[PDB]
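Beneath this line is the structure, given in C-alpha coordinates, with notes to follow.
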2 protein chains.
Amino acid sequence: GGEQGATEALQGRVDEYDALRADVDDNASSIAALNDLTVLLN
Amino acid sequence: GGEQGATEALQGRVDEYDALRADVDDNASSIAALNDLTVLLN
(Lines give C-alpha, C1' and ligand atoms only; values in the text may rest on other atoms or scores of the structure.)
Protein backbone atom coordinates (compact mmCIF):
# COMPACT_ATOMS: atom_id res chain seq x y z
CA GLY A 1 0.00 0.00 0.00
CA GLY A 2 3.50 1.84 -0.14
CA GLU A 3 2.55 0.30 -3.22
CA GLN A 4 -1.41 -0.16 -1.67
CA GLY A 5 -2.31 3.52 0.21
CA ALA A 6 -0.07 5.30 -2.36
CA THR A 7 -1.49 3.04 -5.12
CA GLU A 8 -5.15 3.12 -3.91
CA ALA A 9 -4.83 6.95 -3.85
CA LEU A 10 -6.09 7.64 -7.42
CA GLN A 11 -4.77 4.15 -8.37
CA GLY A 12 -2.16 4.99 -11.07
CA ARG A 13 -8.27 13.99 -8.06
CA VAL A 14 -11.29 13.87 -10.45
CA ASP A 15 -11.85 17.39 -11.91
CA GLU A 16 -15.34 17.84 -13.45
CA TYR A 17 -15.13 19.88 -16.72
CA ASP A 18 -18.92 20.55 -16.93
CA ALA A 19 -20.55 21.48 -20.28
CA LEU A 20 -23.26 24.00 -21.32
CA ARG A 21 -27.07 24.58 -21.39
CA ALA A 22 -27.29 22.41 -24.56
CA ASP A 23 -30.99 23.42 -24.85
CA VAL A 24 -31.01 26.31 -27.39
CA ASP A 25 -34.81 26.43 -28.13
CA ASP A 26 -36.89 29.03 -30.07
CA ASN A 27 -40.39 27.41 -29.97
CA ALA A 28 -42.09 30.81 -29.35
CA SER A 29 -41.21 32.10 -32.88
CA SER A 30 -44.79 33.50 -33.18
CA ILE A 31 -45.82 29.79 -33.42
CA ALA A 32 -48.23 29.79 -36.43
CA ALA A 33 -50.86 28.98 -33.73
CA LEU A 34 -51.92 32.84 -33.78
CA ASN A 35 -52.67 33.96 -37.38
CA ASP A 36 -54.08 30.51 -38.37
CA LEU A 37 -57.60 31.83 -37.56
CA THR A 38 -57.04 35.38 -38.99
CA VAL A 39 -60.33 35.29 -41.02
CA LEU A 40 -61.45 31.62 -40.79
CA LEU A 41 -64.87 33.12 -41.69
CA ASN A 42 -64.26 35.24 -44.84
CA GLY B 1 -1.62 9.52 6.97
CA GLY B 2 -0.27 5.81 6.67
CA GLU B 3 -3.70 6.04 7.62
CA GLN B 4 -3.66 10.16 6.51
CA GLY B 5 -1.59 10.32 2.83
CA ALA B 6 -2.92 6.80 2.02
CA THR B 7 -6.34 7.80 3.46
CA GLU B 8 -6.42 11.35 1.96
CA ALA B 9 -5.61 9.72 -1.43
CA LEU B 10 -9.22 9.22 -2.65
CA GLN B 11 -10.26 8.99 1.05
CA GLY B 12 -11.75 5.45 1.25
CA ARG B 13 -9.45 8.57 -9.36
CA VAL B 14 -12.70 10.31 -10.51
CA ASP B 15 -13.64 8.97 -14.00
CA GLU B 16 -16.15 11.22 -15.84
CA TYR B 17 -18.76 9.10 -17.72
CA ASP B 18 -20.11 12.02 -19.83
CA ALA B 19 -23.60 11.83 -21.43
CA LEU B 20 -25.03 12.86 -24.85
CA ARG B 21 -26.27 15.89 -26.89
CA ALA B 22 -29.65 15.67 -25.07
CA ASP B 23 -30.98 18.37 -27.47
CA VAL B 24 -32.85 16.40 -30.20
CA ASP B 25 -34.77 19.33 -31.83
CA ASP B 26 -36.82 19.46 -35.10
CA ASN B 27 -38.17 23.07 -35.00
CA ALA B 28 -37.58 23.53 -38.77
CA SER B 29 -40.34 21.00 -39.70
CA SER B 30 -41.57 23.45 -42.41
CA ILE B 31 -42.77 25.58 -39.42
CA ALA B 32 -46.37 26.51 -40.46
CA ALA B 33 -44.88 30.06 -40.69
CA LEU B 34 -44.61 29.56 -44.65
CA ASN B 35 -48.02 28.46 -46.07
CA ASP B 36 -49.99 30.53 -43.49
CA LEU B 37 -50.18 33.38 -46.08
CA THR B 38 -50.72 31.09 -49.15
CA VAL B 39 -53.71 33.18 -50.43
CA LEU B 40 -54.50 35.54 -47.50
CA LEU B 41 -56.21 37.59 -50.25
CA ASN B 42 -58.57 35.13 -52.04
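Scheme for the C-alpha coordinates: letters A, B, ... for chains in order shown; per-chain residue numbers from 1; ligand numbers from 1 in order shown.
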Contact check, chain A to chain B, at most 6 Å, counting only C-alpha atoms, closest pairs as a tab-separated table:
```
residue	atom	partner	partner_atom	distance
A:5	CA	B:6	CA	3.8
A:6	CA	B:6	CA	5.4
A:9	CA	B:9	CA	3.8
A:10	CA	B:13	CA	4.0
A:13	CA	B:13	CA	5.7
A:14	CA	B:14	CA	3.8
A:23	CA	B:23	CA	5.7
A:32	CA	B:33	CA	5.4
```
